[PDB]
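See below for the structure under consideration.
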There are 4 protein chains.
Amino acid sequence: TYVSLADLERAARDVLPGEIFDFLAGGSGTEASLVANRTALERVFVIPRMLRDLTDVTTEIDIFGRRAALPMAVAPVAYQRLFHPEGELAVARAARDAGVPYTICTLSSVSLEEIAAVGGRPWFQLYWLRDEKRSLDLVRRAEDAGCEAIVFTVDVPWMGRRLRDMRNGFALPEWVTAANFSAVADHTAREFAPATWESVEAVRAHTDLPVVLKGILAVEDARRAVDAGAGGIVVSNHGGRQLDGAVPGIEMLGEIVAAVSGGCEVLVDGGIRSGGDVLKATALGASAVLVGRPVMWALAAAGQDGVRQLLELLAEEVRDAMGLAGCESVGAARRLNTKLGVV
Amino acid sequence: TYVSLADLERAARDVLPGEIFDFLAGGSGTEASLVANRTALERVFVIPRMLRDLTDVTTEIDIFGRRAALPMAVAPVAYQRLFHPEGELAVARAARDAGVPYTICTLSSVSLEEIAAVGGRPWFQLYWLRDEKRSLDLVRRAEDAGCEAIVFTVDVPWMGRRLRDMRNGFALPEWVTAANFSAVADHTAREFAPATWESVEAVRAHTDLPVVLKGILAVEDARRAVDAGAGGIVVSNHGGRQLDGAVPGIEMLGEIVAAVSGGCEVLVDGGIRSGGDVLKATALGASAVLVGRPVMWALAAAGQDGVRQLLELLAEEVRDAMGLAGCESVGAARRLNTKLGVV
Amino acid sequence: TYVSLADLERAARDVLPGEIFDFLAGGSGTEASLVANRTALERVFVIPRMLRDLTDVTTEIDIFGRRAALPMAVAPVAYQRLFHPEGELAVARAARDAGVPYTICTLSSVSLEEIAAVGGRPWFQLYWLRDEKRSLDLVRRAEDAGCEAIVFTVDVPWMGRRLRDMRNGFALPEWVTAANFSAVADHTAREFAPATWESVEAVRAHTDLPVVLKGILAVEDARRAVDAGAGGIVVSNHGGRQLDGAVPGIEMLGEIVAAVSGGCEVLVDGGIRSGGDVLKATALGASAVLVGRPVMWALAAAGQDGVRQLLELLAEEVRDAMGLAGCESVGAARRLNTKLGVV
Amino acid sequence: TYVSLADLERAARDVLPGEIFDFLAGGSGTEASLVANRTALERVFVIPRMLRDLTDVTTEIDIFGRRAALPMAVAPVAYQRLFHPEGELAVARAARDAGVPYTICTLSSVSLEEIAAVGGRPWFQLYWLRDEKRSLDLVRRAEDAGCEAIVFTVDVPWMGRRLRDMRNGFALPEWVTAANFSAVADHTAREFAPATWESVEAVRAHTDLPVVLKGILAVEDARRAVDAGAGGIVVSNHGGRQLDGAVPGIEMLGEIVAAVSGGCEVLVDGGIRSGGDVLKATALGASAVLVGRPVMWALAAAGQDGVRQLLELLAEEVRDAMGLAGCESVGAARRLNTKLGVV
Ligand SMILES: Cc1cc2nc3c(=O)[nH]c(=O)nc-3n(C[C@H](O)[C@H](O)[C@H](O)COP(=O)(O)O)c2cc1C
Ligand SMILES: Cc1cc2nc3c(=O)[nH]c(=O)nc-3n(C[C@H](O)[C@H](O)[C@H](O)COP(=O)(O)O)c2cc1C
Ligand SMILES: Cc1cc2nc3c(=O)[nH]c(=O)nc-3n(C[C@H](O)[C@H](O)[C@H](O)COP(=O)(O)O)c2cc1C
Ligand SMILES: Cc1cc2nc3c(=O)[nH]c(=O)nc-3n(C[C@H](O)[C@H](O)[C@H](O)COP(=O)(O)O)c2cc1C
């Protein structure tokens with residue numbers, strides 16, 4: 001019986017080995033960007049509206065051609081068998097049952113085809129490989145398996161400096177592997193090549209699926225993403241795991257939404273920890289959010305049923321926040337105003 | 001012998017059962033809006049005037065056709081028998097004796113007619129019921145009993161998520177009931193319907209009493225309230241108990257006062273804890289404030305006499321603050337300027 | 001051997017009875033304005049100049065017709081025998097020897113004529129008495145005794161609410177009296193009348209000495225002071241002892257200096273604790289500062305010799321700060337720019 | 001195996017005598033400017049760019065006619081034998097091997113000619129001596145020994161008030177001397193004269209080497225430096241060791257870069273503690289940074305090899321930060337935008 005997402009973090013801390021909790025919790029460098037993701041959300045206040053018709057409040061959205069139950073997807077998180085033996089299958093099953101898109105990772109610890117077979121109209125996250133030809137094979141596999149969007153991660157030319165992982169001497173256990181094919185940082189520097197705008201065009205030409213660029217923070221990169229034919233972007237500093245000192249996505253979101261001016265979907269992530277945070281993101285103009293660490297807390301704590309409980313809690317919090325703010329729909333929530341405060 | 005409102009909180013904490021203290025103290029979600037009500041007041045500084053005539057300083061105001069001794073009313077707080085056996089009668093008697101309006105609640109634990117019989121020209125707070133017909137019956141009862149204003153609460157389409165109450169498994173004791181007719185959250189979701197602008201018009205047509213909309217935060221909702229024929233509004237986030245992340249009323253007050261441009265009374269609440277806080281609210285343009293939790297601290301600590309002592313202390317602090325700031329009247333206090341500082 | 005003013009506070013805390021330390025240290029209400037005086041100074045940063053001629057750095061100023069060794073006077077502090085048996089005589093002797101003006105108080109615990117006989121061209125602080133005639137007698141006594149300015153305190157229509165003094169049940173010991181004629185708050189409410197602009201004019205007509213209005217915070221009150229014929233003002237919230245929530249003087253100083261546009265001397269006080277703080281005040285446009293509590297710390301710690309050591313330390317810190325900032329004179333320091341930072 | 005610069009501070013604290021750690025760590029006065037150097041950097045966030053070509057990322061710059069491996073030089077720090085017996089020779093050897101300029105101090109504890117003989121194309125820091133003739137002798141010695149720039153320190157007309165050193169009664173041990181010729185503060189007040197713009201011109205006429213003015217904070221002093229023929233400036237508050245309350249250099253840097261408009265190199269120092277901090281400085285417009293205390297931490301911890309490890313770590317962090325931010329060159333990093341956040 002969890003009444004907040006924070007209840008799940010406490011539960012996950014109890015069960016996970018310290019080094020795996022640190023792999024999950026940590027960020028790069030001094031963790032300034034990790035902390036700032038939370039600080040930035042905490043400074044945003046919503047100006048709610050009153051006395052509106054709430055006889056049919058709905059939290060649903062249409063995105064990338066599918067109805068989703070909430071303005072929320074499960075973020076790509078590598079190697080989910082680190083957290084629970086059922087790994088990605090547990091999370092994908094719960095997401096399917098909740099009507100929430102699940103992002104299958106390039107570095108999934110269960111093969112993308114197995115996770116796709118769970119159903120639920122999943123997305124696929126791409127890391128750019130050694131060459132155009134192989135990268136494009138994963139994309140084609142994902143499309144053949146029924147994935148509905150390609151989430152191209154664009155903020156990882158290589159992995160950031162994870163000092164918790166370095167200090168812990170973290171490496172994957174023998175029983176966790178990259179099923180589609182700091183020791184994890186060394187492996188990435190060797191196996192993956194930096195993506196460029198040319199890589200984006202190669203992907204866009206290889207699939208009719210919407211291509212979503214994850215890790216955009218500069219306004220002109222958002223504009224360029226639209227010009228490049230992206231169907232969406234995720235405004236994100238990769239949970240503070242990449243450039244330490246990168247601005248939080250939530251701080252760039254409003255300016256990016258204005259610049260994009262409806263030319264693509266604009267998602268955000270980093271520190272979303274409640275339905276109220278989802279409302280803040282929506283009020284700043286997001287189409288939807290991604291949620292990362294909390295989904296893994298729930299997986300660690302109680303497997304598939306833990307993820308189900310998390311998604312049920314988030315669904316209740318989103319409905320609650322929307323109605324209290326006078327919003328019968330997510331579109332109405334996007335028209336809310338906000339104020340910055342001091343915390 | 002209390003010299004500050006904070007002395008009363010300490011006293012109430014000692015006497016009340018933990019779960020009832022939590023029902024009183026708590027807010028929704030992470031309590032961000034609860035804390036922000038205090039932070040927001042603490043950032044406001046007054047620019048006092050000197051060398052003005054203070055030979056007849058008066059703290060009185062005229063509001064809703066009655067002279068009040070202070071620019072202050074007792075906020076609606078449900079179920080006052082939770083805090084002291086005399087409940088609403090103790091508070092209403094002290095308010096009457098102090099010349100302060102008392103707001104009788106829809107969810108009062110003593111009937112509205114009994115509390116009105118105490119005297120003191122009380123107000124009545126309305127929650128919108130299952131249908132127009134019954135809602136309007138409470139309004140007519142209140143008017144027949146001599147209530148002088150209808151304070152229509154507009155920020156409770158349903159009750160917020162009170163995590164202290166959920167964790168405590170809080171429910172009303174058998175000896176406390178809704179005398180006019182989280183377990184308290186479940187009861188509200190079943191018994192009350194979301195109010196709309198149509199509900200406001202139904203009330204306005206049913207009574208000649210001034211209708212005051214409590215829980216307005218958006219500037220256009222304040223304008224619309226005036227257009228709808230409201231006699232007042234209370235700029236309020238419901239003490240941080242409704243939308244977690246709602247802006248504090250004190251942060252919207254100046255902009256609302258400007259937009260309303262004298263078309264209705266503009267009250268504020270949330271975190272008023274001293275006569276100096278009353279002065280800040282007045283300087284930002286409020287007609288008057290409501291005070292909630294501190295009145296219940298005083299009731300818990302010492303019953304009717306506790307509430308009397310609280311109101312005497314607040315009266316002294318308001319007079320002190322006004323005179324130190326060069327204000328012989330509340331109208332002069334409204335013309336004070338303020339500065340935001342850092343705390 | 002004290003190397004900072006903070007060394008003196010530690011020393012005074014050791015020696016003074018708790019209730020007398022609290023009478024000295026405390027402020028009104030929640031002490032928000034007391035704390036804000038420090039916060040406000042800490043947020044100000046100086047932009048120093050380099051490579052200027054420092055062959056004859058001088059900290060002297062001319063003010064109210066006298067050369068002073070520093071841009072600094074000892075603030076009026078009532079009842080100095082509370083802190084040391086020699087009281088005002090010890091402080092006045094040290095101030096004289098340092099070339100710093102000393103402000104003799106209406107509520108001095110040694111008669112104004114005795115303190116004036118020490119020499120050093122002192123100032124006299126006036127509280128407005130029961131009637132024009134008696135007030136004007138103190139003014140005439142002060143002038144006859146050789147005081148060179150009248151510092152009319154304008155922010156005390158009555159004494160603020162000193163909760164430390166109330167809680168301690170503070171009263172003057174039998175051996176400390178008002179030699180020119182909370183128990184101290186009760187005594188003031190009875191003996192003194194609120195001053196007005198008419199009182200200022202009565203004083204201005206009664207003496208050719210410069211009249212300095214102490215406790216101005218509003219820009220139009222500063223302008224009006226010039227129009228009224230004041231020779232100076234002290235921009236001040238009375239060390240956070242009067243209106244709790246009054247803006248710090250340091251936050252109003254720049255705007256007041258601009259509005260006054262050389263029409264009178266503009267002093268500031270509240271929280272000056274180093275030569276660097278004096279430099280900040282000067283850079284914001286002050287003619288000079290007053291220093292209150294630290295002078296009493298020094299008096300408590302070591303009598304006349306303690307005050308001498310404090311003034312020597314402040315003199316060294318002022319010279320140091322000025323030269324490091326490229327200022328050969330106080331006038332050059334007034335032309336420094338500042339930046340607000342975060343602390 | 002250090003993974004951050006903070007690992008080195010912990011190591012240095014363990015080994016150094018307390019008073020020498022304090023000589024190194026401390027600042028003047030209350031250490032407000034020392035702390036502000038860190039606060040100021042922590043508030044700056046970078047807006048990284050994505051999807052750029054990173055096939056040949058280079059951290060090199062050209063400055064004062066030499067290629068440097070990083071946009072970074074070792075700051076002038078007096079008396080390095082305080083920290084390790086090899087002192088300046090250890091640091092200079094490591095800097096040479098890393099391709100980083102080393103600044104030889106006027107108050108070096110090994111003679112400038114010995115340190116220059118190490119190689120690595122060093123710079124020389126000048127304090128203005130008793131007269132033009134002797135000052136100019138050090139300059140000529142430095143030039144004859146192969147130093148490539150003169151870093152004229154302009155913020156030390158005398159040494160600041162180092163309260164840690166005063167409290168510790170710090171003095172140099174007998175075995176540490178000024179090899180080119182608070183007890184250290186007393187020695188400086190006697191031996192050195194305040195520099196002026198005339199001193200700058202005397203130096204500029206005495207050498208063809210670029211003259212770099214270290215300790216500029218005012219925009220017009222930066223402009224004047226260009227007009228005076230300076231080849232560079234270091235925007236700096238001397239690590240918070242000079243004027244307590246001086247603005248951090250990082251807070252003035254952008255405005256200075258705009259005013260200078262390419263007329264000289266603009267360096268910054270104060271609190272640079274990671275490659276991410278170097279990126280922030282570059283994004284604000286710096287040509288390069290200086291690093292002071294961390295180099296001494298490394299020297300204290302492990303001598304020459306410690307400094308080598310520090311420089312290798314900084315080089316890795318700079319490359320990491322640049323690439324994550326989409327910058328193949330330091331010039332691209334200078335074109336990054338930043339956002340101020342709250343911490
Ligand atoms: C343990 C972990 C692994 C991750 N792996 C990936 C990945 O393979 N691909 C990717 O695009 N993002 C990855 N992310 C980033 C997340 O998708 C997301 O951007 C980030 O966690 C911020 O959201 P949060 O604060 O909700 O966790 C990972 C995050 C974590 C914590
Ligand atoms: C225990 C409790 C019960 C309340 N019940 C009601 C209510 O029935 N109707 C209403 O409009 N507001 C209600 N309120 C909100 C108050 O009227 C007021 O808006 C809020 O407490 C903020 O003021 P404060 O910080 O002075 O407590 C309640 C508040 C508390 C703490
Ligand atoms: C114990 C005490 C007594 C004071 N008495 C007087 C007074 O009689 N008249 C007056 O104008 N100000 C009085 N002041 C105010 C000071 O003159 C000054 O405005 C204030 O202390 C702020 O300066 P500080 O922070 O340097 O103490 C008093 C202050 C203190 C602490
Ligand atoms: C122990 C110590 C000695 C220093 N000596 C000198 C000096 O002789 N000349 C100079 O221009 N700066 C000197 N500095 C200032 C540094 O060059 C640099 O401006 C400052 O330390 C800020 O950088 P940091 O935060 O990286 O230490 C000294 C700094 C320290 C800590």
Side-chain angles (χ1 to χ4, degrees), chain B residues 23-26 34 37-38 75-79 82 103 105-108 125 127 151 153 155-156 214-215 234 236-241 249 269-273 289-296, chain C residues 23-26 34 37-38 75-79 82 103 105-108 125 127 151 153 155-156 214-215 234 236-241 269-273 289-296, chain D residues 23-26 34 37-38 75-79 82 103 105-108 125 127 151 153 155-156 214-215 234 236-241 249 269-273 289-296:
Chain B
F23 171 69
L24 178 61
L34 173 65
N37 287 348
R38 283 301 307 162
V77 173
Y79 300 124
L82 288 168
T103 310
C105 289
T106 287
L107 297 174
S108 58
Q125 173 275 338
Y127 279 138
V151 179
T153 306
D155 60 3
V156 189
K214 174 173 185 284
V234 190
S236 175
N237 68 11
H238 205 116
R241 296 172 67 85
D269 73 13
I272 300 294
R273 301 294 177 262
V289 302
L290 312 180
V291 181
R293 293 174 183 98
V295 180
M296 301 303 109
Chain C
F23 171 69
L24 178 61
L34 173 65
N37 287 348
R38 283 301 307 162
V77 173
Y79 300 124
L82 288 168
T103 310
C105 289
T106 287
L107 297 174
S108 58
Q125 173 275 338
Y127 279 138
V151 179
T153 306
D155 60 3
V156 189
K214 174 173 185 284
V234 190
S236 175
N237 68 11
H238 205 116
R241 296 172 67 85
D269 73 13
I272 300 294
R273 301 294 177 262
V289 302
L290 312 180
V291 181
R293 293 174 183 98
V295 180
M296 301 303 109
Chain D
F23 171 69
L24 178 61
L34 173 65
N37 287 348
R38 283 301 307 162
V77 173
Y79 300 124
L82 288 168
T103 310
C105 289
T106 287
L107 297 174
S108 58
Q125 173 275 338
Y127 279 138
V151 179
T153 306
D155 60 3
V156 189
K214 174 173 185 284
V234 190
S236 175
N237 68 11
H238 205 116
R241 296 172 67 85
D269 73 13
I272 300 294
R273 301 294 177 262
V289 302
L290 312 180
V291 181
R293 293 174 183 98
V295 180
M296 301 303 109

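Naming convention: chains lettered A, B, ... in sequence-line order (proteins, then strands); numbering from 1 in each chain. Just follow the structure's listing: the first ligand is 1, and inside any ligand the first atom is 1. Only this structure's heavy atoms are used, side chains among them; waters, hydrogens and symmetry mates stay out.
- Protein heavy atom in closest approach to atom 26 (O) of ligand 4: D/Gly292 N, 2.9 Å.
- Summarising the contacts of atom 2 (C) of ligand 3 with C/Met296, C/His238, C/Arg241, the nearest heavy atom is found in C/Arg241.
- Ligand 2 lies less than 4.0 angstrom from a heavy atom belonging to B/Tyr127.
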CA sep, side-chain torsions, deciding dist, call: C/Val295, C/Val77, side chain to side chain contact (heavy atoms under 4.5 Å, CB included): CA-CA 9 Å; C/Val295 180; C/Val77 173; over 6 Å; no
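- The closest protein non-hydrogen atom to atom 23 (O) of ligand 3 is C/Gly270 N, 3.7 Å.
- Taking CZ of B/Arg241 as the start and CG of B/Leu34 as the end, the distance is 9.0 Å to the nearest 0.5 Å.
- In this structure, D/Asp269 has a heavy atom closer than 4.0 Å to ligand 4.
- We find the CZ-CZ distance between C/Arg293 and C/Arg273 to be 6.5 Å, quoted to the nearest 0.5 Å.
- Nearest non-hydrogen protein atom to atom 5 (N) of ligand 3 is C/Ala78 N, 3.1 Å.
- Here the protein heavy atom with the shortest distance to atom 11 (O) of ligand 3 is C/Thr153 OG1, 2.6 Å.
- Shortest non-hydrogen contact noted between C/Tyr127 and C/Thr106 is N-OG1, 3.1 Å.
- Between B/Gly271 and ligand 2, at least one N/O pair is under 3.5 Å apart.
- Looking at heavy atoms from C-beta onward, C/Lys214 lies out of side-chain contact with C/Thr103 at the 4.5 angstrom threshold.
- The closest non-hydrogen atom to atom 21 (O) of ligand 2, taken over B/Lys214, B/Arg293, B/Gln125, B/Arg38, comes from B/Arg293.
- Here OG1 of C/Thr153 is found 6.5 Å from NE2 of C/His238. Values are rounded to the nearest 0.5 Å.
- Among the atoms of D/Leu24, none of the N or O lies under 3.5 angstrom from an N or O of ligand 4.
- D/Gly271 and D/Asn37 get closest at one heavy-atom pair: N-CB, 4.4 Å.
- Shown in contact with B/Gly239 at under 4.0 Å from a heavy atom are these atoms of ligand 2, numbered in order with element: 20 (C), 22 (C).
- The residue from D/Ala75, D/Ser236, D/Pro76 that puts a heavy atom closest to atom 28 (C) of ligand 4 is D/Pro76.
- Heavy-atom separations between B/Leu107 and ligand 2 are all 4.0 Å or longer.
- Taking 4.5 Å as the limit, every side-chain heavy atom of D/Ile272 sits out of range of all side-chain heavy atoms of D/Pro294.
- Distance check, rounded to the nearest 0.5 Å: CG of B/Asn237 to CG of B/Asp155 gives 8.0 Å.
- The two residues B/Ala78 and B/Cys105 have their closest heavy-atom pair at N-SG, 3.8 Å.
- Per-residue contacts place C/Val77 under 4.0 angstrom from the following atoms of ligand 3 (heavy atoms of the residue considered): 1 (C), 2 (C), 3 (C), 4 (C), 5 (N).
- The D/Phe23 neighbourhood of ligand 4 comprises atoms 1 (C), with distances under 4.0 Å to a heavy atom of that residue.
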